[PDB]
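Chemist: Dumping the structure here so I can ask a few things about it.
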Amino acid sequence: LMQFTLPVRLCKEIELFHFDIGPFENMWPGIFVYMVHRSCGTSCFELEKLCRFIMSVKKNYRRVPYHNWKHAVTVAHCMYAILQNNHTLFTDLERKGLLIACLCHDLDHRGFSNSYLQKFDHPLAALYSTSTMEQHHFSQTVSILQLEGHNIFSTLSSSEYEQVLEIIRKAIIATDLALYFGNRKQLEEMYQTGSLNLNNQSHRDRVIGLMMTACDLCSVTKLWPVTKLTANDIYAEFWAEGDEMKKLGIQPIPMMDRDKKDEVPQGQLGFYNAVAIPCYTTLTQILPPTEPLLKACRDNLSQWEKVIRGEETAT
Ligand SMILES: COCCn1ncc(NC(=O)c2nc(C3CC3)ccc2Nc2cncnc2)c1C(=O)N(C)C
Ligand SMILES: [Mg+2]
Ligand SMILES: [Zn+2]
């Protein structure tokens, strides 16, 4: 057989939650196949179809600062780390579908939120009234899966193919943060009342939804230098959307206003407290081996507080 192998440093460090996939775009397909062969198995997909699929997905991500090909692979790698440290908890189809969901979850993102598409009256807003971009990401996923030589699930039966596309559809839709607030609250109640049941499919769905949020936000779970640099990329998009809001004659929210740059550290603090910490807390409760995501999230929160107190500088 031909086994995928990484250089020594990547071989060791890819198992760490805070792994950064590096600046070499040409190595990311290899990194993704490696993670699929180790988390799913070398027999999960035909290498030729997986390779063709990967390259078509890459092609349908856009040259935007943040919601790009590097983000897709980064989210996939966080999912890899969760699956490998929880390997007894997931099904064959869940392993197969979830790395693919993560790779595909922002397909054809233009760097604009669901809100902007609503305010702009974009055609996608007429087609998909809620989770507008996330329904578009899924539709794009189906398009690519239906191209010639792209059916990576060809050896699944009809009913298995349908289950995995449904795992994928729900996972991608779950990356709509508007849906996360409700989903985490339900999971918090279920956990504290002891009703949470991983044998209940409607409960698996919520746990995977939370896993997808955690993978999607995983830039707040890298070492500080990565987190700080990645925050420049996310704000490049937010500020561009704010500009487009101003062009529509609508005052943008403060985080999207490039004139309010001095409030980024307080904005970050607000986001860690309201969204990120609660997310990784609940995930650690359900999947205790995901502790390192929560720990790195707390460390970065501490760093933003250091920035607010003028002990650290972010230029
Ligand atoms: C009401 O919203 C304003 C309150 N607010 N302030 C900031 C913020 N989000 C982020 O910073 C952010 N969002 C995402 C995705 C949800 C969009 C991912 C990463 C983020 N940070 C970050 C930090 N380091 C490195 N990479 C990325 C929000 C928010 O809640 N959103 C939903 C965007
Ligand atoms: Mg998205
Ligand atoms: Zn994303």
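Cβ coordinates were reconstructed from backbone atoms using ideal geometry, including for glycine residues, and neighbour counts include every protein chain displayed. Every number in this text was worked out from the coordinates using simple rules, so none of it is lab data.
Chemist: Give me the Kirkwood hydrodynamic radius of region 102-192, using the inverse of the mean 1/r over all pairs of distinct Cα atoms, in Å to one decimal.
Modeler: This gives a value of 14.7 Å.
Chemist: Please find the FRET efficiency linking residue 15 to residue 224, where r is the Cβ-Cβ separation and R0 is fixed at 30 Å, and quote it to the nearest 0.05.
Modeler: Plugging the Cβ-Cβ distance into 1/(1 + (r/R0)^6) gives 0.90.
Chemist: Another question about this same structure. Among the listed pairs 70/96; 12/261; 49/70; 119/260; 58/96, give every one whose C-alpha distance is greater than 27 Å.
Modeler: Exceeds cut-off: 12/261.
Chemist: Tell me the mean residue ellipticity at 222 nm calculated for the chain from its helices only (DSSP H runs of n ≥ 4, each -39500 (n - 2.57), averaged over every residue, nearest 500).
Modeler: That calculation yields -19500 deg cm²/dmol at 222 nm.
Chemist: Around residue 171, under 14 Å between beta carbons, what's the net of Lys plus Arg minus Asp minus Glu among the other residues?
Modeler: -1
Chemist: Could you pull out every one of the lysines with an alpha carbon less than 22 Å from that of residue 185, ignoring same-chain neighbours closer than 8 positions?
Modeler: 170, 295
Chemist: Shifting gears a bit: Over the Cα atoms of region 1-93, compute the convex hull volume and normalise it per residue, giving Å³.
Modeler: Spread over its residues, the Cα hull of region 1-93 gives 116 Å³ apiece.
Chemist: Assuming 0.692 mPa s and 37 °C, estimate D for the chain with Stokes-Einstein, Rh taken as the Kirkwood radius over Cα pairs, in µm²/s.
Modeler: Once the numbers are plugged in, D ends up at 162 µm²/s.
Chemist: Continuing with this model, one more query. Which ³J(HN,Hα) values, rounded to whole Hz and listed in residue order, are derived for region 68-80 from phi using the Karplus coefficients 6.51, -1.76 and 1.60 in 6.51 cos²θ - 1.76 cosθ + 1.60 with θ = phi - 60°, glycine and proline given as x?
Modeler: Rounded to whole hertz, the list is 10, 3, 5, 4, 3, 6, 4, 4, 4, 5, 4, 5, 3.
Chemist: Can you grab the distance from the C-alpha centre of region 26-61 to the C-alpha centre of region 236-255, Å, no decimals?
Modeler: 36 Å
Chemist: Given the Cα-Cα distance of residue 62 and residue 129 and 0.36 nm per residue of separation, how much length would full extension add, in nm?
Modeler: Roughly 21.8 nm would be gained on extension.
Chemist: Relative contact order of region 27-309, please, whole-number percent, based on alpha carbon pairs below 8 angstrom and at least 6 residues apart.
Modeler: In percent, rounded to a whole number, it is 19.
Chemist: What net charge is computed for the residues neighbouring residue 216, neighbours being all others with C-beta under 11 Å from the C-beta of residue 216, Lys and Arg scored +1, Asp and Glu -1?
Modeler: Residues close to residue 216 contribute a combined charge of -3.
Chemist: Whole Å is fine, so just give me how far the alpha carbon centre of region 88-118 lies from that of region 291-310.
Modeler: Centre-to-centre distance over Cα atoms comes out at 26 Å.
Chemist: From the phi of every residue in region 14-19, what ³J(HN,Hα) in whole Hz does the Karplus formula 6.51 cos²θ - 1.76 cosθ + 1.60 yield, where θ is phi - 60° and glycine or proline is x?
Modeler: 4, 6, 6, 4, 7, 3
Chemist: Still on this model: Can you give the local net charge around residue 281? Use residues other than it whose beta-carbon is closer than 15 angstrom to its beta-carbon, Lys and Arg +1, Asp and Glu -1.
Modeler: Every neighbour counted, the sum reads 0.
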